[PDB]
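First, one chain by itself in structure tokens, the form deposited in one PDB entry.
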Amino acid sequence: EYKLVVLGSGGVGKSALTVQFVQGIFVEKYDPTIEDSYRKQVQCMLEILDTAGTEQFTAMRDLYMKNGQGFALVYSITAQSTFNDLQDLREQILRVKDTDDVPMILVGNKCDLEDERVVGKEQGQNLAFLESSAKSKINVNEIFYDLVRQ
């Protein structure tokens, strides 16, 4: 059993990544109201705790942080302000879990569209790092592989 958490600001692609990993957009209908909605077997079972849709409810991310074992800090390369928002979420994990180090992955979503990029690759590596895309299936599975290793 493993519990992984997806974090980030609104309009970043959190829900798109979650669905695209557990099942897949279009190929099958997505029911988020059943027991195995966010669970996928890879040989071990993973549960994705995504904060998408519940960002205004701070208690929701805190609950997911306490129960989480791996963390995915996601931002958009088309949105300048979204990379800035990651510093707070980073420190909040160490605060809720009350630990020195936490297994986490840094994710730069929406890497498929370059003609709208305002956030270069530069900034990511300095703070593992991936440039992924949910709608283009780039590095979707890879994100959640790192966390199980860590």
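We call the rigid core whatever largest set of C-alpha positions still superposes within 1.5 Å between the two forms. A residue's number is simply how far along the shown sequence it sits, counting from 1.
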query	finding
Missing coords for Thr58 in a third or more of other PDB entries	yes
Deposited-sequence gap flanked by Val42 and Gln43	4 to 9
Deposited but uncoordinated residues in the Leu127/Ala128 interval	4 to 9
Higher-scoring stretch by recorded Cα B factor average, 53-61 or 103-111	103-111
Selected stretch [higher average CA B-factor]: 92-100 or 28-36	92-100
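In what follows, reference is made to the form deposited in another entry, a form of this protein that is not presented.
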property: Post core alignment: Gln87 C-alpha displaced by 2 Å or more between the shown form and the other one; result: no
property: Rigid core superposition, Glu116 Cα moves 2 angstroms or more between the shown form and the other one; result: no
property: C-alpha of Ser37 off by 2 Å or more between the shown form and the other one on rigid core; result: yes
property: Distance direction in that other deposited form for the C-alpha atoms of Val140 and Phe26, relative to the displayed form (3 angstroms or more); result: closer
property: Direction of C-alpha distance change in that other deposited form, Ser15 to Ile34 (at least 3 Å); result: closer
